[PDB]
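A short worksheet on the structure shown next.
Values quoted throughout were computed directly from the atomic coordinates according to the rules given, and no laboratory measurement underlies them. FYI the Cβ positions are ideal-geometry reconstructions off the backbone, even for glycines, and counts take in every protein chain you see.
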Amino acid sequence: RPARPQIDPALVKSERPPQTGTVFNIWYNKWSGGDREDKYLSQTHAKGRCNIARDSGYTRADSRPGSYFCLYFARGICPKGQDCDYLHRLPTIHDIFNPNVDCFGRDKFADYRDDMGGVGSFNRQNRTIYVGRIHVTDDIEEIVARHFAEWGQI
RNA sequence: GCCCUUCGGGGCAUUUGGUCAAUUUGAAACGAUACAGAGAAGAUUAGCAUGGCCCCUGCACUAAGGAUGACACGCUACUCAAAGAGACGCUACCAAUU
């Protein structure tokens, strides 16, 4: 099957972040003249999610050997569909990558970010993710097992 | 596509490239607010330096300035004795008012 579009470019137009400052800095593309606390607490919800059955399909990266997965397909915000140049698929066990890059083609680092976010490190072969800010109920183990079993092999 | 042909064939032209167009998690920085708060053995302070895993402004990486730009002010045995003079040191502990 062809890769379906997940959202549309009418809402994947490119535009500024909302104004949190006196003046927009065009070098760093950030707002200035404001505060620091706002940035710390602001962590919004994701604008999409992807489906293996509904969204994952074939593309020009399935045509081209030795290419990477689509990061925006992983985030569920890939409006490209079949015309994306990166795979719309979960990696299998036969999908291995060199230490210098990750599965999305982004370069890995010698270190970690000090909040352990981002791409990762080739100085540690880490296969363990850390999922915080979970609402504490009793079915949390069932919910985590279901969703991450949907996201891969554990 | 064009050209040539002796109608079999042959020629002309030949491998681009900038990680996607997507801003939370691969790195911008002030200001406001809070707080404190300026060297030289009394008080007040003109400065010029020194050293670099501290830099900023500047064309100056052969000016100048930035509080003399700041930092400096903790800590503190270790190449290490000798002479002569002592030692109930190294063991025991001991029998009359009238």
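Identify, from the list A:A3, A:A74, the residue that is under 21 Å from the mean Cα position of the chain (by Cα), small (G, A, S) and farther than 21 Å from A:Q153 by Cβ. Break it down stepwise before answering.
Numbers: A:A74 fails: farther than 21 Å from A:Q153 by Cβ.
From the options A:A3, A:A74, the qualifying one is A:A3.
All of (1) touching a residue at least 40 places away in the same chain (Cβ under 8 Å); (2) farther than 21 Å from A:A149 by Cα hold for A:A110 with one exception: (1). Taken over the stretch A:31-52, residues that are more than 7 Å from RNA strand B (Cβ to nearest atom) and either within 13 Å of A:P5 (Cα to Cα) or in contact (Cβ under 8 Å) with a residue 24 or more places away in the chain (or both) amount to 5. Here the stretch A:77-127 is the region considered, the condition is being over 17 Å from the mean Cα position of the chain (by Cα), within 7 Å of RNA strand B (Cβ to nearest atom) and charged (D, E, K, R), and the residue that is surrounded by the fewest Cβ atoms within 10 Å (Cβ to Cβ) is A:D114.
Just name the residue that is nearest to the chain's Cα centre (by Cα) out of those in the stretch A:17-58 that are surrounded by 10 or more Cβ atoms within 10 Å (Cβ to Cβ), assigned to a loop (DSSP other than H, G, I, E, B) and among the β-branched types (V, I, T). So the residue we want is A:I52. Remark: pairs (first residue in the stretch A:73-92, part of a loop (DSSP other than H, G, I, E, B); second residue among the charged types (D, E, K, R) and surrounded by 18 or more Cβ atoms within 10 Å (Cβ to Cβ); Cβ separation under 8 Å; 6+ apart in sequence or on different chains) = A:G76/A:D55; A:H88/A:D55.
Could you list, in sequence order, the residues of the stretch A:1-16 that are near RNA strand B (Cβ under 6 Å from one of its atoms), loosely packed, with under 10 Cβ neighbours inside 10 Å and closer than 30 Å to A:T59 by Cβ?
Keep residues of the stretch A:1-16 that are near RNA strand B (Cβ under 6 Å from one of its atoms), which gives A:9, A:12, A:14, A:16.
Now restrict to residues that are loosely packed, with under 10 Cβ neighbours inside 10 Å: A:14, A:16.
Of everything in the stretch A:1-16, just one residue is near RNA strand B (Cβ under 6 Å from one of its atoms), loosely packed, with under 10 Cβ neighbours inside 10 Å and closer than 30 Å to A:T59 by Cβ, namely A:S14.
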